[PDB]
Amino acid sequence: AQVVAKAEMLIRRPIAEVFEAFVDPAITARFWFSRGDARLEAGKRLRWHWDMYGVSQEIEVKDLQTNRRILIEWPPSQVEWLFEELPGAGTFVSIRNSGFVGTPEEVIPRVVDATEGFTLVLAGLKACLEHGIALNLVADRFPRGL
């Protein structure tokens, strides 16, 4: 029974726009990381940077199906995005993160943190695309002086 961190949300915009919001880093940087090196494409390695932490990460696009699926791997934890149209209303986005190894008891906190983090990604996505607002959920989860 694979242990999966999961977050899902309806985004009330067309699927081509909601999919592009994860492919084009100039959009993704409105709600998730600080900057990304390039557009996602199948088989490509690239870096995502979180300037407000100390952190960047090289990722590899393992699968990219337009308006349907994104699978990326960190060099073997993986994160899958699935996009389904809800006709007339928008795009239902589902994020699943797998690859947690260890005692289940050491993984419960890791699964908690990943679930909250991808839930933040979707809520920021929604505020950005439906309201034009930068909610700053990623930065404000870990404020200075914490």
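Don't overthink the numbering: it's just position in the shown sequence, from 1.
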| item | value |
| --- | --- |
| Size class of the missing deposited segment between residue 75 and residue 76 | 4 to 9 |
| Stretch exceeding the other in mean C-alpha B-factor - 53-61, 78-86 | 53-61 |
| Most elevated Cα B-factor in the entry, residues 47, 30, 96, 69 | 47 |
| Residue 139 - Cα temperature factor, lowest/middle/highest third of chain | middle |
| Residue 116 - Cα temperature factor, lowest/middle/highest third of chain | lowest |
| Modelled-residue ranking by C-alpha temperature factor, third containing residue 146 | highest |
| Modelled-residue ranking by C-alpha temperature factor, third containing residue 7 | lowest |
